[PDB]
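Numbering (the deposited numbering), first residue to last: 3 to 231, 236 to 304, 308 to 445.
Cβ coordinates follow ideal geometry from the N, Cα and C atoms, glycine included.
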Amino acid sequence: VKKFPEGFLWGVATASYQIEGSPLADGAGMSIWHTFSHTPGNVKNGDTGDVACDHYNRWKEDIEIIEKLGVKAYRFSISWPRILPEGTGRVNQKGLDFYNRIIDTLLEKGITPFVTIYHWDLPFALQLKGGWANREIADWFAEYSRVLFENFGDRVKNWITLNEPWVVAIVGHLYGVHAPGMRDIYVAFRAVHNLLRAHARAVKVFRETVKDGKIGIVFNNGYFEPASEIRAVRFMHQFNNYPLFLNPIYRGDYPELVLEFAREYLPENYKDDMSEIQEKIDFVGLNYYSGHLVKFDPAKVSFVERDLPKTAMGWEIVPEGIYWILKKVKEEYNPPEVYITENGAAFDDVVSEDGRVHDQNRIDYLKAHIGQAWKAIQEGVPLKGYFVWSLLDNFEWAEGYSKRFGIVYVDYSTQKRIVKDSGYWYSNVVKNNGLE
Ligand SMILES: COC(=O)Cc1c[n+]2c([nH]1)[C@H](O)[C@@H](O)[C@H](O)[C@H]2CO
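Put into structure tokens, the structure is as follows:
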């Protein structure tokens, strides 16, 4: 058997724009994912978040599903433009009401809320003023965060400033594949820097406003292995994984190979902001999905396709990656607490004639990764919790509804939820507090 520590937090994770639908209900402002998904060519099949999982109406049902599965923590995000329709200034009480009902319900049912403040749905009104490219976002973000703390901080005690600021900056502003759909490397790195400053401003406000809770930040991570016998792997780690943000947070500068590549793209006096950026955080969230073979190639790095099982995303399944990144984060920055805030897989799920979804591929994926996280705990990593991405099949960004990551299947024509075998399997893992 592989049992986890007593009080280990088994969770599932979602994001507002991916599940909610009704993006314009009850006075909500438009978000950049509203405007991006409504722009032709940006998202597969013209898919948008207009309806998604209709969680905006079905939230109680979905929470009752979390409850009945015995899952102990729910990670979800708040839509900034539901709360502040223009991003700053006016507060929308109906937006607050929506999340208040979700929060109270979870608490009533003994489920621990983990709130992601920003999971990519920036108010459109602020994108007009430059979004993450504008230094003033540190103030906008801090004022938004202050509102959340004041309203919910009596009940929510676990907070995440940013989901994957690497993706926000690079995929949103260099690759142009995500909202706001830009391709400018100087904008992208100014977004990197500004995300840090906004995160640190929000942590600071948190200490003034919520004196009994905890706050952290979430990073995407890949397990990069070299194609031969390598500095390219060092670069990929420092650029794509937690060091881009943790070196500033813990050591007060960007990682060495990030500076070699991107110094010219960062603001000229960026070190002026580093001491503020070092604001103390309580935990690191790591998201992990995939491993990559990497070689130097005249960013001077390209990927090598390997055999190896892949998911529907074409992501190579490499379970030892989650152990590696867990070990490496302790070794490099030794944060006091770590959570796996997302781990999961997209497979081509089908409802069998028996009415069930027989996702053995997903069970195998989760089991392998849960086992590798168990190992990291035996070897001393302060891992406090683990979150499956995702509770539900949902809007998978530029892929639309075509990629299914849920442990619960959503039939989009009816909004029917069907617990997949992986969801039942995970329930038993949570009940048993580990594997066997
Ligand atoms: C480059 O590293 C990554 O993008 C890892 C990653 C995967 N995922 C996320 N990040 C987001 O937090 C979720 O909103 C997605 O639905 C989920 C699945 O694609």
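Residue i burial status per 10 Å Cβ neighbour count (16 or more: buried)
{"i": "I287", "result": "buried"}
{"i": "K213", "result": "exposed"}
{"i": "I162", "result": "buried"}
{"i": "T423", "result": "exposed"}
{"i": "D368", "result": "buried"}
{"i": "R315", "result": "exposed"}
{"i": "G133", "result": "buried"}
Backbone CA spacing between residue i and residue j [nearest angstrom]
{"i": "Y374", "j": "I85", "result": "37 angstroms"}
{"i": "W324", "j": "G297", "result": "7 angstroms"}
{"i": "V189", "j": "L26", "result": "28 angstroms"}
{"i": "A15", "j": "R77", "result": "4 angstroms"}
{"i": "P167", "j": "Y276", "result": "17 angstroms"}
{"i": "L124", "j": "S81", "result": "8 angstroms"}
{"i": "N160", "j": "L130", "result": "31 angstroms"}
{"i": "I113", "j": "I104", "result": "11 angstroms"}
{"i": "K319", "j": "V207", "result": "42 angstroms"}
{"i": "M242", "j": "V347", "result": "21 angstroms"}
{"i": "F191", "j": "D259", "result": "14 angstroms"}
{"i": "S79", "j": "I34", "result": "15 angstroms"}
{"i": "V239", "j": "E227", "result": "6 angstroms"}
{"i": "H36", "j": "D52", "result": "8 angstroms"}
{"i": "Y342", "j": "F126", "result": "35 angstroms"}
{"i": "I326", "j": "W398", "result": "15 angstroms"}
{"i": "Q95", "j": "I283", "result": "31 angstroms"}
{"i": "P42", "j": "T50", "result": "10 angstroms"}
Beta-ladder partner(s) of residue i, from DSSP
{"i": "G224", "result": "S296"}
{"i": "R426", "result": "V419"}
{"i": "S431", "result": "The partner list for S431 (beta bridge, DSSP) is empty, contrary to what the question assumes."}
{"i": "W12", "result": "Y395"}
{"i": "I68", "result": "Beta-bridge pairing links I68 to no other residue."}
{"i": "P125", "result": "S33"}
{"i": "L444", "result": "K4"}
Check: residue i C-beta below 7 angstroms from any heavy atom of ligand 1
{"i": "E166", "result": "yes"}
{"i": "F312", "result": "no"}
{"i": "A181", "result": "no"}
{"i": "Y410", "result": "no"}
{"i": "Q244", "result": "no"}
{"i": "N196", "result": "no"}
{"i": "residue 1", "result": "Missing from the structure shown is residue 1; the chain here goes from 3 to 445 and no further."}
{"i": "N247", "result": "no"}
{"i": "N222", "result": "yes"}
{"i": "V366", "result": "no"}
{"i": "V14", "result": "no"}
{"i": "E341", "result": "no"}
{"i": "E405", "result": "yes"}
{"i": "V417", "result": "no"}
{"i": "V169", "result": "yes"}
{"i": "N293", "result": "yes"}
{"i": "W61", "result": "no"}
{"i": "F289", "result": "no"}
{"i": "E351", "result": "yes"}
First through last residue of the beta strand (DSSP E) which encompasses residue i
{"i": "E351", "result": "347-352"}
{"i": "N160", "result": "160-165"}
{"i": "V397", "result": "392-398"}
{"i": "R77", "result": "75-79"}
{"i": "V189", "result": "Unbroken run through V189 is the alpha helix (DSSP H), 187-211; no beta strand (DSSP E)."}
{"i": "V310", "result": "310-313"}
Residue span of the alpha helix (DSSP H) that contains residue i, given as start and end
{"i": "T118", "result": "First-last for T118: 114-120, but that is the beta strand (DSSP E), not the alpha helix (DSSP H)."}
{"i": "residue 504", "result": "A question about residue 504 goes unanswered here, because the residues of the chain that appear run from 3 up to 445."}
{"i": "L335", "result": "329-342"}
{"i": "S18", "result": "18-21"}
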